[PDB]
$ cat run-v1.cif   # mmCIF, C-alpha atoms and all ligand atoms
data_query
#
loop_
_atom_site.label_atom_id
_atom_site.label_comp_id
_atom_site.auth_asym_id
_atom_site.auth_seq_id
_atom_site.Cartn_x
_atom_site.Cartn_y
_atom_site.Cartn_z
CA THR R 5 17.43 89.09 -2.22
CA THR R 6 16.92 86.27 -4.68
CA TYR R 7 18.43 88.49 -7.42
CA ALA R 8 21.53 88.98 -5.27
CA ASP R 9 21.83 85.25 -4.60
CA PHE R 10 21.58 84.56 -8.35
CA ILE R 11 24.20 87.17 -9.28
CA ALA R 12 26.62 85.81 -6.64
CA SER R 13 26.09 82.25 -7.95
CA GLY R 14 28.38 80.50 -10.39
CA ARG R 15 25.58 80.00 -12.93
CA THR R 16 24.89 83.46 -14.37
CA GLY R 17 27.10 82.82 -17.40
CA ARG R 18 26.32 80.65 -20.41
CA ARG R 19 25.17 77.24 -19.19
CA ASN R 20 26.54 74.08 -20.71
CA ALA R 21 24.33 71.24 -21.76
CA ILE R 22 24.66 67.91 -19.99
CA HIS R 23 25.04 64.52 -21.65
CA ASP R 24 24.88 60.87 -20.39
CA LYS K 8 -2.52 81.11 -49.47
CA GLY K 9 -5.24 83.29 -47.92
CA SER K 10 -4.76 84.38 -44.31
CA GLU K 11 -7.93 82.52 -43.25
CA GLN K 12 -7.91 79.90 -46.01
CA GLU K 13 -6.63 77.05 -43.80
CA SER K 14 -7.17 75.98 -40.24
CA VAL K 15 -4.06 75.56 -38.09
CA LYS K 16 -4.69 71.78 -38.39
CA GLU K 17 -4.76 72.02 -42.24
CA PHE K 18 -1.76 74.34 -42.37
CA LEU K 19 0.25 71.99 -40.13
CA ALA K 20 -0.91 68.97 -42.24
CA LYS K 21 0.50 70.55 -45.41
CA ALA K 22 3.66 71.58 -43.53
CA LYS K 23 4.15 67.90 -42.56
CA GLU K 24 3.88 66.83 -46.21
CA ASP K 25 6.63 69.32 -47.07
CA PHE K 26 8.73 68.21 -44.12
CA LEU K 27 8.45 64.44 -44.74
CA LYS K 28 9.56 64.74 -48.37
CA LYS K 29 12.81 66.36 -47.20
CA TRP K 30 13.07 64.09 -44.14
CA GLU K 31 12.86 61.01 -46.36
CA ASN K 32 15.25 62.39 -48.98
CA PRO K 33 17.74 64.74 -47.28
CA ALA K 34 19.81 67.39 -49.06
CA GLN K 35 23.49 66.51 -48.85
CA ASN K 36 26.72 68.14 -50.09
CA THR K 37 25.21 71.40 -51.35
CA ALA K 38 28.18 73.72 -50.96
CA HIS K 39 31.92 73.72 -50.23
CA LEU K 40 33.96 75.64 -47.67
CA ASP K 41 35.79 77.65 -50.36
CA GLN K 42 32.47 79.27 -51.35
CA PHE K 43 32.40 81.24 -48.05
CA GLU K 44 34.52 83.99 -46.56
CA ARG K 45 35.03 83.54 -42.79
CA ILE K 46 34.45 86.77 -40.85
CA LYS K 47 34.09 86.13 -37.12
CA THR K 48 33.39 83.50 -34.44
CA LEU K 49 29.91 83.98 -32.95
CA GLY K 50 30.13 81.18 -30.38
CA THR K 51 32.13 78.14 -29.35
CA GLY K 52 31.48 74.79 -27.81
CA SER K 53 32.91 71.42 -26.95
CA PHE K 54 32.88 69.94 -30.41
CA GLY K 55 32.13 72.94 -32.56
CA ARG K 56 31.86 76.64 -33.21
CA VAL K 57 29.67 79.02 -35.16
CA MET K 58 31.09 81.67 -37.48
CA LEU K 59 29.69 84.57 -39.39
CA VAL K 60 30.50 83.94 -43.05
CA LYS K 61 29.84 85.59 -46.37
CA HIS K 62 28.69 83.50 -49.30
CA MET K 63 30.90 84.84 -52.07
CA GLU K 64 28.58 84.27 -55.04
CA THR K 65 25.63 86.15 -53.49
CA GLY K 66 27.29 88.38 -50.85
CA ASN K 67 24.73 87.02 -48.40
CA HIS K 68 25.75 86.66 -44.73
CA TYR K 69 25.11 83.35 -42.96
CA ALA K 70 25.88 81.66 -39.69
CA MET K 71 28.03 78.59 -40.27
CA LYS K 72 28.22 75.86 -37.60
CA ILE K 73 31.46 73.89 -37.85
CA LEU K 74 31.65 70.52 -36.08
CA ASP K 75 34.90 68.59 -35.65
CA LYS K 76 34.03 64.98 -36.54
CA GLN K 77 36.56 63.48 -34.07
CA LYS K 78 35.23 65.57 -31.17
CA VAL K 79 31.61 64.64 -32.01
CA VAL K 80 32.71 60.99 -31.82
CA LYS K 81 34.65 61.48 -28.56
CA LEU K 82 31.59 63.09 -26.96
CA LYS K 83 29.20 60.41 -28.31
CA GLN K 84 27.11 62.88 -30.29
CA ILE K 85 27.18 61.07 -33.66
CA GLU K 86 23.46 60.12 -33.79
CA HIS K 87 22.43 63.46 -32.24
CA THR K 88 24.45 65.29 -34.88
CA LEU K 89 22.80 63.27 -37.70
CA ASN K 90 19.43 64.12 -36.14
CA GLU K 91 20.25 67.84 -36.07
CA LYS K 92 21.21 68.11 -39.74
CA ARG K 93 18.45 65.80 -41.03
CA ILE K 94 15.83 67.83 -39.15
CA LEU K 95 17.14 71.33 -39.92
CA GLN K 96 17.39 70.64 -43.64
CA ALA K 97 13.69 69.54 -43.62
CA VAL K 98 12.01 72.22 -41.44
CA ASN K 99 10.55 75.55 -42.54
CA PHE K 100 8.98 77.98 -40.04
CA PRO K 101 9.20 81.71 -39.37
CA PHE K 102 11.08 81.19 -36.06
CA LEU K 103 13.51 78.52 -37.24
CA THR K 104 16.62 78.86 -39.38
CA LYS K 105 16.56 75.90 -41.80
CA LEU K 106 19.80 74.86 -43.44
CA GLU K 107 20.61 76.83 -46.57
CA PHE K 108 23.61 74.54 -47.18
CA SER K 109 25.44 71.66 -45.61
CA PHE K 110 28.58 69.76 -46.45
CA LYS K 111 31.58 68.03 -44.93
CA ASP K 112 35.29 67.62 -45.63
CA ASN K 113 38.00 65.34 -44.22
CA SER K 114 37.84 66.89 -40.74
CA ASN K 115 34.58 68.79 -40.23
CA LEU K 116 30.81 68.99 -40.72
CA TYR K 117 29.31 72.30 -41.87
CA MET K 118 25.75 73.66 -41.53
CA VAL K 119 24.92 77.05 -42.99
CA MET K 120 21.87 78.99 -41.78
CA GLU K 121 20.21 82.42 -41.97
CA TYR K 122 22.23 84.83 -39.79
CA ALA K 123 20.50 86.40 -36.75
CA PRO K 124 22.32 89.70 -36.07
CA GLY K 125 20.54 90.55 -32.81
CA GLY K 126 22.65 88.09 -30.78
CA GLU K 127 21.56 85.68 -28.07
CA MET K 128 18.52 86.50 -25.97
CA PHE K 129 20.81 85.44 -23.08
CA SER K 130 23.08 88.49 -23.61
CA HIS K 131 20.21 90.95 -23.54
CA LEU K 132 18.31 89.26 -20.69
CA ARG K 133 21.36 89.25 -18.40
CA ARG K 134 22.31 92.81 -19.23
CA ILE K 135 18.82 94.32 -18.85
CA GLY K 136 18.12 92.07 -15.84
CA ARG K 137 14.58 91.00 -16.69
CA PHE K 138 11.82 91.47 -19.22
CA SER K 139 8.38 92.93 -18.60
CA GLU K 140 5.46 90.48 -18.86
CA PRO K 141 4.42 91.82 -22.31
CA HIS K 142 8.04 91.52 -23.50
CA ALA K 143 8.41 87.96 -22.09
CA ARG K 144 4.99 87.08 -23.53
CA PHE K 145 6.01 88.16 -27.06
CA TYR K 146 9.00 85.81 -27.01
CA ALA K 147 7.02 83.05 -25.34
CA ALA K 148 4.31 83.21 -28.03
CA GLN K 149 6.86 82.53 -30.74
CA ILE K 150 8.15 79.50 -28.80
CA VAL K 151 4.58 78.20 -28.35
CA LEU K 152 3.98 78.40 -32.11
CA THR K 153 7.37 76.81 -32.91
CA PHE K 154 6.79 73.93 -30.48
CA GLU K 155 3.29 73.32 -31.90
CA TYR K 156 4.95 73.12 -35.32
CA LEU K 157 7.86 70.96 -34.17
CA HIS K 158 5.71 68.61 -32.09
CA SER K 159 3.18 68.16 -34.96
CA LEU K 160 6.12 66.78 -36.96
CA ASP K 161 6.83 64.29 -34.14
CA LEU K 162 9.93 66.28 -33.15
CA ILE K 163 11.12 66.84 -29.60
CA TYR K 164 13.43 69.83 -29.17
CA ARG K 165 15.04 69.36 -25.70
CA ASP K 166 17.27 72.39 -25.19
CA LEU K 167 15.21 75.52 -24.70
CA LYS K 168 17.06 78.34 -22.92
CA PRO K 169 18.05 81.99 -23.53
CA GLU K 170 21.49 80.94 -24.80
CA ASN K 171 19.72 79.06 -27.66
CA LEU K 172 17.29 81.76 -28.73
CA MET K 173 18.66 84.24 -31.28
CA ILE K 174 17.20 87.70 -31.89
CA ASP K 175 16.75 88.80 -35.51
CA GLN K 176 16.94 92.27 -37.10
CA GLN K 177 13.22 92.89 -36.37
CA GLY K 178 13.43 91.71 -32.74
CA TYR K 179 11.71 88.38 -33.42
CA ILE K 180 13.45 85.15 -32.35
CA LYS K 181 15.01 82.07 -33.89
CA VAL K 182 15.02 78.78 -31.97
CA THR K 183 18.46 77.46 -32.83
CA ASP K 184 20.62 74.67 -31.38
CA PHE K 185 18.88 71.51 -32.69
CA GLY K 186 21.67 69.27 -31.35
CA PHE K 187 19.29 67.31 -29.11
CA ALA K 188 16.24 67.42 -31.35
CA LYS K 189 14.89 64.00 -32.35
CA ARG K 190 12.03 62.64 -34.40
CA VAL K 191 10.29 60.20 -32.07
CA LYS K 192 6.72 58.95 -31.86
CA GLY K 193 7.15 56.99 -28.65
CA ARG K 194 8.82 57.93 -25.45
CA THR K 195 12.56 58.40 -25.34
CA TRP K 196 15.23 58.07 -22.66
CA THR K 197 18.37 60.07 -23.34
CA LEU K 198 19.58 62.21 -20.44
CA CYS K 199 20.20 65.49 -22.18
CA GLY K 200 19.50 69.19 -21.85
CA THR K 201 20.63 71.86 -19.39
CA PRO K 202 20.26 71.42 -15.59
CA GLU K 203 18.05 74.45 -14.93
CA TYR K 204 15.62 73.47 -17.72
CA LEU K 205 15.30 69.69 -17.13
CA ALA K 206 11.85 68.27 -16.43
CA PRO K 207 11.70 66.03 -13.34
CA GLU K 208 10.94 62.91 -15.43
CA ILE K 209 14.23 63.36 -17.25
CA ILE K 210 16.15 63.62 -13.98
CA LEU K 211 14.28 60.59 -12.58
CA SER K 212 15.49 58.57 -15.56
CA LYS K 213 12.00 57.86 -16.78
CA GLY K 214 11.04 57.53 -20.41
CA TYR K 215 9.68 60.91 -21.43
CA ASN K 216 7.98 62.72 -24.28
CA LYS K 217 7.27 66.19 -25.69
CA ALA K 218 5.89 67.39 -22.31
CA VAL K 219 9.53 68.09 -21.35
CA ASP K 220 9.56 70.98 -23.87
CA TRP K 221 6.48 72.47 -22.18
CA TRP K 222 8.13 72.24 -18.77
CA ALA K 223 11.17 74.01 -20.25
CA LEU K 224 8.88 76.77 -21.56
CA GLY K 225 7.69 77.31 -18.00
CA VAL K 226 11.34 77.65 -16.90
CA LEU K 227 12.08 80.13 -19.70
CA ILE K 228 9.07 82.30 -19.02
CA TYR K 229 9.97 82.40 -15.32
CA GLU K 230 13.59 83.30 -16.09
CA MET K 231 12.62 86.00 -18.65
CA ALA K 232 10.08 87.61 -16.22
CA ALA K 233 12.06 87.19 -12.97
CA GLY K 234 15.63 87.66 -14.35
CA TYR K 235 16.71 84.39 -12.73
CA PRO K 236 15.51 80.81 -13.14
CA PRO K 237 13.03 79.03 -10.83
CA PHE K 238 15.63 76.44 -9.68
CA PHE K 239 19.25 77.49 -9.30
CA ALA K 240 22.21 76.64 -7.11
CA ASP K 241 25.97 76.50 -7.55
CA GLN K 242 25.96 72.77 -8.37
CA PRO K 243 23.81 70.75 -10.78
CA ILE K 244 22.97 68.17 -8.07
CA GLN K 245 21.37 70.88 -5.91
CA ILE K 246 19.43 72.15 -8.95
CA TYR K 247 18.12 68.60 -9.58
CA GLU K 248 16.94 68.21 -5.98
CA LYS K 249 15.07 71.50 -6.37
CA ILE K 250 13.39 70.45 -9.63
CA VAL K 251 12.21 67.03 -8.43
CA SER K 252 10.56 68.64 -5.40
CA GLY K 253 9.25 71.21 -7.91
CA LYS K 254 8.54 73.73 -5.09
CA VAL K 255 8.62 77.15 -6.73
CA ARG K 256 8.37 80.69 -5.39
CA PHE K 257 7.22 83.54 -7.59
CA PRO K 258 8.45 87.10 -7.29
CA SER K 259 5.77 89.33 -5.76
CA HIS K 260 5.77 91.38 -8.99
CA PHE K 261 4.52 88.39 -11.05
CA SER K 262 0.85 88.80 -12.15
CA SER K 263 -1.81 86.39 -11.01
CA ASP K 264 -2.22 85.04 -14.56
CA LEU K 265 1.55 84.54 -14.95
CA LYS K 266 1.70 82.54 -11.71
CA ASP K 267 -1.26 80.41 -12.77
CA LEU K 268 0.22 79.66 -16.21
CA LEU K 269 3.57 78.80 -14.61
CA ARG K 270 1.88 76.49 -12.10
CA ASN K 271 0.41 74.55 -15.02
CA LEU K 272 3.67 74.39 -17.02
CA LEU K 273 5.93 73.69 -14.08
CA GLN K 274 3.63 70.82 -13.10
CA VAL K 275 5.56 67.73 -11.89
CA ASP K 276 2.43 65.64 -12.56
CA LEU K 277 2.28 64.80 -16.30
CA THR K 278 -1.49 64.20 -16.04
CA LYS K 279 -1.83 67.87 -15.08
CA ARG K 280 0.94 69.58 -17.11
CA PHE K 281 -0.28 72.08 -19.68
CA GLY K 282 0.71 71.04 -23.18
CA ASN K 283 0.36 67.37 -22.13
CA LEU K 284 -3.40 67.21 -21.58
CA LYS K 285 -6.26 66.08 -23.84
CA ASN K 286 -6.44 69.59 -25.27
CA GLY K 287 -2.69 69.88 -26.00
CA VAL K 288 -1.18 73.28 -26.91
CA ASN K 289 -4.57 75.01 -26.84
CA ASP K 290 -4.60 74.92 -23.03
CA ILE K 291 -1.53 77.20 -23.30
CA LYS K 292 -2.73 79.40 -26.15
CA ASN K 293 -6.13 79.92 -24.44
CA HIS K 294 -4.74 80.70 -20.96
CA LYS K 295 -5.60 84.16 -19.57
CA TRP K 296 -1.94 85.28 -19.58
CA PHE K 297 -1.98 84.90 -23.35
CA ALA K 298 -5.45 86.52 -23.74
CA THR K 299 -3.92 89.56 -25.47
CA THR K 300 -1.64 87.70 -27.90
CA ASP K 301 -2.61 87.67 -31.54
CA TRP K 302 -1.20 84.31 -32.62
CA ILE K 303 -2.07 85.01 -36.25
CA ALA K 304 -0.28 88.40 -36.26
CA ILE K 305 2.79 86.97 -34.44
CA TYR K 306 3.03 84.17 -37.03
CA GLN K 307 2.87 86.77 -39.82
CA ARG K 308 5.43 88.93 -37.96
CA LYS K 309 2.96 91.81 -38.00
CA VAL K 310 3.43 92.73 -34.32
CA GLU K 311 5.91 95.48 -33.44
CA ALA K 312 8.69 93.88 -31.34
CA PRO K 313 9.24 95.27 -27.80
CA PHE K 314 13.00 95.53 -28.44
CA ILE K 315 14.60 96.03 -31.85
CA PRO K 316 18.37 95.39 -32.07
CA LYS K 317 21.01 97.95 -32.97
CA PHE K 318 21.94 97.18 -36.59
CA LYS K 319 24.93 98.91 -38.23
CA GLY K 320 25.04 96.86 -41.47
CA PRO K 321 24.30 93.34 -42.83
CA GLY K 322 27.33 91.63 -41.25
CA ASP K 323 27.29 93.60 -38.01
CA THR K 324 28.45 91.56 -34.96
CA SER K 325 28.23 94.16 -32.14
CA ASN K 326 25.50 92.09 -30.41
CA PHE K 327 27.86 89.14 -29.98
CA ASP K 328 30.64 88.54 -27.49
CA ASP K 329 34.18 88.19 -28.81
CA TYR K 330 35.73 84.75 -28.95
CA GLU K 331 39.28 83.64 -29.70
CA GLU K 332 39.65 82.89 -33.41
CA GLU K 333 41.07 79.44 -34.17
CA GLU K 334 42.14 77.94 -37.50
CA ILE K 335 39.83 75.76 -39.54
CA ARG K 336 42.23 72.88 -40.21
CA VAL K 337 41.32 70.29 -42.82
CA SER K 338 43.30 67.04 -42.60
CA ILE K 339 44.69 65.32 -45.71
CA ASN K 340 43.17 62.10 -44.41
CA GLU K 341 39.40 61.48 -44.20
CA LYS K 342 38.22 61.17 -40.59
CA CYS K 343 35.11 59.30 -39.41
CA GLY K 344 33.83 58.42 -42.89
CA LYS K 345 31.49 55.67 -41.77
CA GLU K 346 30.04 57.55 -38.81
CA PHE K 347 28.88 60.60 -40.84
CA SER K 348 28.22 58.79 -44.11
CA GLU K 349 24.68 60.18 -44.43
CA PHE K 350 25.58 63.77 -43.52
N1 LIG R 401 -4.74 80.31 -41.09
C1 LIG R 401 -3.60 79.43 -40.71
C2 LIG R 401 -2.37 80.19 -40.14
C3 LIG R 401 -1.88 81.13 -41.24
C4 LIG R 401 -1.15 80.63 -42.31
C5 LIG R 401 -0.74 81.46 -43.32
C6 LIG R 401 -1.06 82.81 -43.29
CL1 LIG R 401 -0.54 83.85 -44.56
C7 LIG R 401 -1.80 83.32 -42.23
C8 LIG R 401 -2.21 82.49 -41.22
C9 LIG R 401 -2.76 80.96 -38.87
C10 LIG R 401 -1.54 81.54 -38.15
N2 LIG R 401 -0.64 80.46 -37.75
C11 LIG R 401 -0.88 79.83 -36.55
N3 LIG R 401 -1.90 80.33 -35.80
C12 LIG R 401 -2.15 79.76 -34.62
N4 LIG R 401 -1.52 78.74 -34.03
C13 LIG R 401 -0.51 78.27 -34.79
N5 LIG R 401 0.33 77.22 -34.48
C14 LIG R 401 1.24 77.08 -35.46
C15 LIG R 401 0.98 78.01 -36.44
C16 LIG R 401 -0.12 78.77 -36.03
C17 LIG R 401 -0.16 79.76 -38.97
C18 LIG R 401 -1.32 79.15 -39.73
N1 LIG R 402 23.50 78.71 -28.82
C1 LIG R 402 23.86 80.04 -29.38
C2 LIG R 402 24.55 79.94 -30.75
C3 LIG R 402 25.69 78.90 -30.73
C4 LIG R 402 26.91 79.23 -30.12
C5 LIG R 402 27.95 78.32 -30.09
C6 LIG R 402 27.80 77.06 -30.66
CL1 LIG R 402 29.14 75.95 -30.67
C7 LIG R 402 26.60 76.71 -31.25
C8 LIG R 402 25.54 77.62 -31.27
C9 LIG R 402 23.47 79.57 -31.78
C10 LIG R 402 24.00 79.59 -33.19
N2 LIG R 402 24.51 80.92 -33.53
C11 LIG R 402 23.91 81.72 -34.49
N3 LIG R 402 24.30 83.00 -34.51
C12 LIG R 402 23.73 83.81 -35.41
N4 LIG R 402 22.80 83.53 -36.32
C13 LIG R 402 22.45 82.24 -36.31
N5 LIG R 402 21.56 81.65 -37.17
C14 LIG R 402 21.47 80.33 -36.87
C15 LIG R 402 22.31 80.06 -35.82
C16 LIG R 402 22.97 81.26 -35.46
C17 LIG R 402 25.58 81.35 -32.60
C18 LIG R 402 25.08 81.32 -31.16
CL CL R 403 22.74 76.36 -34.07
#
$ encode --input "run-v1.cif" --output "structure tokens"
Amino acid sequence: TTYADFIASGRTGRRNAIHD
Amino acid sequence: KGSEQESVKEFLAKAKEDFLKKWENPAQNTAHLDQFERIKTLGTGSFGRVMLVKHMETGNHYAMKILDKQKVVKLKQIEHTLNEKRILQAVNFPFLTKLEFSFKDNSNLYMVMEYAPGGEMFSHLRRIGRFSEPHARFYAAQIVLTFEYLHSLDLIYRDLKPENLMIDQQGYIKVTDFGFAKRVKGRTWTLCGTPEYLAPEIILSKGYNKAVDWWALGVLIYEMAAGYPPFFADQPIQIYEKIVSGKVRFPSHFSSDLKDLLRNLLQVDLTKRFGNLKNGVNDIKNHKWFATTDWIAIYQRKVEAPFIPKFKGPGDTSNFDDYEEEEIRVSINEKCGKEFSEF
């Protein structure tokens, strides 16, 4: 499931901003 | 004023007058660190942290953002940090926390704001999994109003996401984290934001405008209603490839009206993206998915929130994660005087 793929991903925690 | 005394246009015109006065003549040095008792760290970051504090003379609780001047410099966030403070001290809106005080010392910059005890929307969204459409709609409405306000002041916000939306004691939200907000009438070019929420035109290194905020709203609504974002992968580069294509798939539980709204927000074509058309924000506010929202009642905070935080006292922090507590060190030597002169 998409939910499962999300939860197994490394991006379910707090996401950092990016910066040039 | 009367509830129907002013149009939105008139109301926003008067709000701009208020804002510009403060914008042109910013408050500076309005408290000192020794006026606050430090209670707990509410969040951390690369060049700063946020603590719950008590203002000793009133007993009021506030959130205090503490930025290390040297770290802001190392990360090249000097101008962005000046933007943040200058803007936050000048704004006033029900879903924003303006600065109550700001000051600096030898080592740090300090911004003190109304405390939101409900914690980050992020925490609740992840735990519960997803929000119902009415629940997601209630939050989204507040963001729509706040963006209309911000954009009318020529401000671009540039970091919408659940981690940056705080829940208050009544279940309403505060749009915090003004670190990338900027007052700009033209287009602008800085690559900033969060991978999942970036509009394609940012990724493609084009000049861009306030339409990027409306794209980010589409991402937020999707994430709130689905429980995961429309473009995710383990690595930022894969997320970017997904965004630029802009191919999205909606959960089968999404309503027709939700899908249609999202198609118009998550529109790669700026000539078609809702919020960026002749009619501006009213294309969003008048969309069928929002047909039930009472914009006037939401503004007045008259609507009963779908979720009202657990609240065990004025300085309760149970809705926050625990972070390691670090010292607030103040050097005997002034750091970065020139850089933060106007702060
Ligand atoms: N009549 C103007 C206002 C109002 C102001 C004060 C009081 Cl006490 C009641 C109402 C309508 C509700 N708001 C908005 N309504 C719709 N769209 C908006 N975009 C930004 C603010 C508003 C704010 C402006
Ligand atoms: N982006 C979420 C946070 C944040 C966390 C870490 C860092 Cl380094 C910056 C920001 C927003 C400010 N915080 C607030 N918490 C409670 N009440 C508030 N009122 C205004 C801001 C906050 C704490 C949470
Ligand atoms: Cl903040």
$ interface_residues --input "run-v1.cif" --of "chain R" --to "chain K" --cutoff "7 Å" --atoms "all atoms listed in the file" --output "ChimeraX atom specification"
/R:7,10,13-15,18,20-24
$ write_last_selection --input "run-v1.cif" --atoms "C-alpha atoms" --output "mmCIF file, keeping the file's coordinate frame"
data_model
loop_
_atom_site.group_PDB
_atom_site.id
_atom_site.type_symbol
_atom_site.label_atom_id
_atom_site.label_comp_id
_atom_site.auth_asym_id
_atom_site.auth_seq_id
_atom_site.Cartn_x
_atom_site.Cartn_y
_atom_site.Cartn_z
ATOM 1 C CA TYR R 7 18.430 88.490 -7.420
ATOM 2 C CA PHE R 10 21.580 84.560 -8.350
ATOM 3 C CA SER R 13 26.090 82.250 -7.950
ATOM 4 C CA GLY R 14 28.380 80.500 -10.390
ATOM 5 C CA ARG R 15 25.580 80.000 -12.930
ATOM 6 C CA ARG R 18 26.320 80.650 -20.410
ATOM 7 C CA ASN R 20 26.540 74.080 -20.710
ATOM 8 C CA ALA R 21 24.330 71.240 -21.760
ATOM 9 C CA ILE R 22 24.660 67.910 -19.990
ATOM 10 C CA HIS R 23 25.040 64.520 -21.650
ATOM 11 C CA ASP R 24 24.880 60.870 -20.390
#
$ residues_near_ligand --input "run-v1.cif" --ligand "ligand LIG 401 (chain R)" --cutoff "7 Å" --atoms "all atoms listed in the file" --output "ChimeraX atom specification"
/K:8-15,18-19,152-153,155-156,302-303,306-307
$ residues_near_ligand --input "run-v1.cif" --ligand "ligand CL 403 (chain R)" --cutoff "9 Å" --atoms "all atoms listed in the file" --output "list in words"
residues 57, 70, 71, 72, 104, 118, 120, 171, 182, 183, 184, 185 and 186 of chain K
$ atom_distance --input "run-v1.cif" --atom1 "CA of residue 111 (chain K)" --atom2 "CA of residue 26 (chain K)"
22.9 Å
$ atom_distance --input "run-v1.cif" --atom1 "atom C5 of ligand LIG 402 (chain R)" --atom2 "CA of residue 68 (chain K)"
17.0 Å
$ residues_around --input "run-v1.cif" --residues "residue 94 (chain K)" --least-positions-apart "6" --cutoff "12 Å" --atoms "only C-alpha atoms" --output "count of residues only"
32
$ closest_residue --input "run-v1.cif" --among "K:283, K:51, K:115, K:274" --to "ligand LIG 402 (chain R)" --atoms "all atoms listed in the file"
K:51
$ atom_distance --input "run-v1.cif" --atom1 "CA of residue 75 (chain K)" --atom2 "CA of residue 334 (chain K)"
12.0 Å
$ closest_residue --input "run-v1.cif" --among "K:58, K:22, K:40, K:172" --to "residue 331 (chain K)" --atoms "only C-alpha atoms"
K:58
$ closest_residue --input "run-v1.cif" --among "K:300, K:216, K:176, K:113" --to "ligand LIG 402 (chain R)" --atoms "all atoms listed in the file"
K:176
$ decode --input "run-v1.cif" --residues "chain R" --atoms "C-alpha atoms" --output "PDB file, in the first residue's frame"
ATOM      1  CA  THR R   5       0.000   0.000   0.000  1.00  0.00           C
ATOM      2  CA  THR R   6       1.073   3.599  -0.398  1.00  0.00           C
ATOM      3  CA  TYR R   7       0.670   4.063   3.381  1.00  0.00           C
ATOM      4  CA  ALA R   8       3.029   1.131   3.960  1.00  0.00           C
ATOM      5  CA  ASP R   9       5.587   2.520   1.513  1.00  0.00           C
ATOM      6  CA  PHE R  10       5.457   5.896   3.291  1.00  0.00           C
ATOM      7  CA  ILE R  11       5.862   4.384   6.768  1.00  0.00           C
ATOM      8  CA  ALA R  12       8.839   2.282   5.606  1.00  0.00           C
ATOM      9  CA  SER R  13      10.448   5.390   4.047  1.00  0.00           C
ATOM     10  CA  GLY R  14      13.093   7.504   5.719  1.00  0.00           C
ATOM     11  CA  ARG R  15      10.947  10.651   5.529  1.00  0.00           C
ATOM     12  CA  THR R  16       8.168  10.137   8.099  1.00  0.00           C
ATOM     13  CA  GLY R  17      10.024  12.134  10.745  1.00  0.00           C
ATOM     14  CA  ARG R  18      10.442  15.898  10.923  1.00  0.00           C
ATOM     15  CA  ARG R  19      11.711  17.152   7.565  1.00  0.00           C
ATOM     16  CA  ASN R  20      14.560  19.599   7.359  1.00  0.00           C
ATOM     17  CA  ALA R  21      14.434  22.652   5.180  1.00  0.00           C
ATOM     18  CA  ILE R  22      16.874  22.952   2.299  1.00  0.00           C
ATOM     19  CA  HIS R  23      19.075  25.944   1.532  1.00  0.00           C
ATOM     20  CA  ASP R  24      21.264  26.978  -1.470  1.00  0.00           C
TER      21      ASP R  24
END
